[PDB]
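Peer 1: Protein chains in written order, with the deposited numbering: chain A, 1043 to 1146; chain B, 697 to 745; chain C, 746 to 795; chain D, 845 to 943. We treat Cβ as the ideally placed atom computed from N, Cα and C, and that holds for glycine. One structure, pasted below without further comment.
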Ligand SMILES: *[C@@H]1O[C@H](CO)[C@@H](O[C@@H]2O[C@H](CO)[C@@H](O)[C@H](O)[C@H]2NC(C)=O)[C@H](O)[C@H]1NC(C)=O
Ligand SMILES: *[C@@H]1O[C@H](CO)[C@@H](O[C@@H]2O[C@H](CO)[C@@H](O)[C@H](O)[C@H]2NC(C)=O)[C@H](O)[C@H]1NC(C)=O
Ligand SMILES: *[C@@H]1O[C@H](CO)[C@@H](O)[C@H](O)[C@H]1NC(C)=O
Ligand SMILES: *[C@@H]1O[C@H](CO)[C@@H](O)[C@H](O)[C@H]1NC(C)=O
Ligand SMILES: *[C@@H]1O[C@H](CO)[C@@H](O)[C@H](O)[C@H]1NC(C)=O
């Protein structure tokens, strides 16, 4: 139903037929970013829960795939699996823990 | 005839492209459903009274 | 043969509708190939790194 | 002296029309689809081609089928070797069996 990600459709009658008006979503304005599969922090491999890791040149963020809305990489949007000796292309960065200012 | 414009995707193993905006597009699809129902009398066609 | 053509002209429009059916089939084959393979808008190509 | 059936077909008024798209253009369409799928994923089928590394594209596919992406990232060499073995088996089965 249309080209792009389908949202809605509307029917209209026609002589000997039907006409579908397909409302779809199309991505528009692209931008290049530096990406990594996982992040090695304290000898632990962090993978994004839903999204990808992007970099604008200096800092690293986590973003949903279909729209650019960067977020600070925390422990509430990443998960830990193994060490950082297996994944090819892993980068070194920090992962913020929200409980640390709560304890301090 | 031309199959289309030539494009080259800038592939790399540490580079990604992420959209920053969007477009809401409405397109049209036309489908036939039914045709004309006809009826033929053989005696009127072949012979005609 | 001219005599065969002159007696064939009395059978009506069988030849024209047979020709129309065959032309419709021939156009439909190219339509099938175009709607299967021509689904991409731009001719993409792979970078020389492999 | 060796008469052909195509000659009799032509001499009796039966002709074969060539197709509009030659096999080189069909191969070009196939190569464009392959290059788009390899270099961008499914993004070229919904709009402009967004580039992505192929390992992260396979992580997208693994998350699509219901498996966590660390299964891919910790078994990348095994999956690549299995894919290459399957493609070589496709080659050998096409080279051997003609049915
Ligand atoms: C990448 O993003 C980071 C985070 O937004 C940028 O760091 C900020 O840069 C602005 C300058 O416009 C400063 O005012 C902020 O104080 C910076 N934030 C921090 C936490 O240091 C960074 O400049 C961006 N880099 C590029 C090349 O665009
Ligand atoms: C995303 O795209 C929309 C339109 O596709 C942009 O909205 C336009 O912005 C310009 C500049 O301010 C205005 O002159 C136009 O009138 C706007 N059009 C509409 C329909 O509102 C929007 O600015 C874009 N956003 C980003 C972040 O690029
Ligand atoms: C990203 O980098 C490539 C590298 O050549 C460049 O061609 C392209 O314009 C850049 N921007 C986008 C949005 O793809
Ligand atoms: C990440 O840090 C470790 C030590 O903590 C170091 O051995 C490794 O080389 C670093 N990674 C990169 C890509 O520099
Ligand atoms: C990434 O790509 C470059 C060039 O294609 C290649 O030399 C390199 O081995 C690849 N992998 C990594 C981890 O850099």
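According to the neighbour-count rule (16 or more other Cβ atoms, all chains shown, within 10 Å of its Cβ), is residue 1109(A) buried or exposed?
Peer 2: Here residue 1109(A) refers to the residue found at position 67 of the first chain. Residue 1109(A) is exposed by the Cβ-count criterion.
Peer 1: Does at least one heavy atom of ligand 6 sit under 6 Å from the Cβ of residue 1099(A)?
Peer 2: Questions concerning ligand 6 fall outside what the structure shown contains, since the ligands it does hold are ligand 1, ligand 2, ligand 3, ligand 4 and ligand 5.
Peer 1: Could you please give the first and the last residue of the uninterrupted alpha helix (DSSP H) stretch that includes residue 872(D)?
Peer 2: Walking along the fourth chain from the start, residue 872(D) turns up at place 28. Counting along the chain, the alpha helix (DSSP H) containing residue 872(D) begins and ends at 867 to 884.
Peer 1: Put residue 725(B) into one of helix, strand or coil per three-state DSSP.
Peer 2: On the second chain, residue 725(B) is found 29 positions in, with the first residue counted as 1. Strand.
Peer 1: How should residue 1085(A) be labelled, buried or exposed, when 16 other C-beta atoms within 10 angstroms of its C-beta is the threshold for buried?
Peer 2: Numbered from 1 along the first chain, position 43 holds the residue referred to as residue 1085(A). Answer is exposed; the Cβ neighbour count stays below 16.
Peer 1: Would you call the stretch 757 to 772 of chain C in contact with the stretch 1093 to 1108 of chain A, where contact means no fewer than 3 C-beta pairs closer than 8 Å?
Peer 2: The answer is no - the stretch 1093 to 1108 of chain A does not touch the stretch 757 to 772 of chain C, with fewer than three Cβ pairs under 8 Å.
Peer 1: Could you give the DSSP three-state label for residue 846(D): helix, strand or coil?
Peer 2: The residue given as residue 846(D) occupies position 2 in the fourth chain. Looking at residue 846(D) - three-state DSSP - the assignment turns out to be coil, as it is neither helix nor strand.
Peer 1: Look at the Cβ atom of residue 879(D), then the Cβ atom of residue 761(C), and state whether they are nearer than 7 Å.
Peer 2: For the purposes of this step, residue 879(D) is taken as the residue at position 35 of the fourth chain. For the purposes of this step, residue 761(C) is taken as the residue at position 16 of the third chain. Cβ atoms of residue 879(D) and residue 761(C): not closer than 7 Å.
Peer 1: Excluding the 5 residues flanking residue 1066(A) on each side, which residues of the same chain have their C-beta closer than 8 Å to its C-beta?
Peer 2: As a first step, residue 1066(A) must be located in the first chain, where it is residue number 24. The answer, listed in chain order, is 1043, 1044, 1045, 1046, 1047, 1048 and 1049.
Peer 1: Say the cut is 6 Å; is the CB of residue 1131(A) nearer than that to a heavy atom of ligand 5?
Peer 2: For the purposes of this step, residue 1131(A) is identified with residue 89 of the first chain, where counting begins at 1. Checking every heavy atom of ligand 5 against the Cβ of residue 1131(A), one is found closer than 6 Å.
Peer 1: Where does the unbroken beta strand (DSSP E) through residue 1087(A) begin, and where does it stop?
Peer 2: For this step, residue 1087(A) is matched to residue 45 along the first chain. Counting along the chain, the beta strand (DSSP E) containing residue 1087(A) begins and ends at 1086 to 1090.
Peer 1: Would the C-beta of residue 709(B) count as close to ligand 5, meaning under 6 Å from any of its heavy atoms?
Peer 2: Residue mapping note: residue 709(B) aligns to position 13 of the second chain, counting from 1. Yes.
Peer 1: Are residue 712(B) and residue 1095(A) close, meaning C-beta to C-beta below 7 Å?
Peer 2: For this step, residue 712(B) is matched to residue 16 along the second chain. For this step, residue 1095(A) is matched to residue 53 along the first chain. Cβ atoms of residue 712(B) and residue 1095(A): not closer than 7 Å.
Peer 1: Going by alpha carbons, who is nearest to residue 892(D) out of 869(D), 881(D) and 900(D)?
Peer 2: As a working mapping, residue 892(D) is identified with position 48 in the fourth chain. Answer by Cα proximity: 881(D).
Peer 1: Using beta carbons (cut-off 7 Å, strictly below), is residue 876(D) in contact with chain C?
Peer 2: Counting from one through the fourth chain, the residue named residue 876(D) turns up at place 32. It does; some Cβ of chain C falls within 7 Å.
Peer 1: Ligand 4 heavy atoms versus the CB of residue 777(C): any closer than 6 Å?
Peer 2: Working through the third chain from its first residue, we reach residue 777(C) at position 32. The answer is no for residue 777(C).
Peer 1: Near ligand 2, which residues have their beta-carbon closer than 7 Å to a heavy atom?
Peer 2: Selection output, chain order preserved: 1070(A), 1071(A), 716(B), 717(B) and 719(B).
Peer 1: For a cutoff of 7 Å on Cβ pairs, would you count residue 701(B) as touching chain C?
Peer 2: Taking the first residue of the second chain as position 1, residue 701(B) is located at position 5. Interface residue, yes.
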